[PDB]
């Protein structure tokens, strides 16, 4: 009986309910998606979601509040992606 609990899985827009999951390969939280594009959770959003950086909560529901398209310009980078990867950084808040 969860009429409202339906998540977006791609093409994320402000206001979408999303599942935020731990990605151990990139050592970061990401949006669950069917797309191959990566949507990393912005480090700013972790406190609002009761998540911690670096028991470790495997998923949380949130709402997208902002998205930014970015590119890795160093092979050593915060998201452990190959040089040149284009990806999104997403700020999300907790959901009711």
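Numbering follows the first chain given and starts at 1. Under this definition, the rigid core comprises the largest set of C-alpha atoms superposing within 1.5 Å between the forms.
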Between 5 to 13 and 78 to 86, the one whose CA atoms sit farther away in 8 other deposited structures of this protein (rigid core aligned): 5 to 13
Missing-residue flag, residue 47, threshold a third of other entries: no
Residue 54-residue 55 interval: deposited residues absent from the model: 4 to 9
Of 66 to 74 and 27 to 35, the one with larger mean CA B-factor: 66 to 74
78 to 86 versus 9 to 17 - greater average Cα B-factor per the deposited record: 78 to 86
Where the record places residue 48 (Cα B-factor, split into thirds across the chain): highest
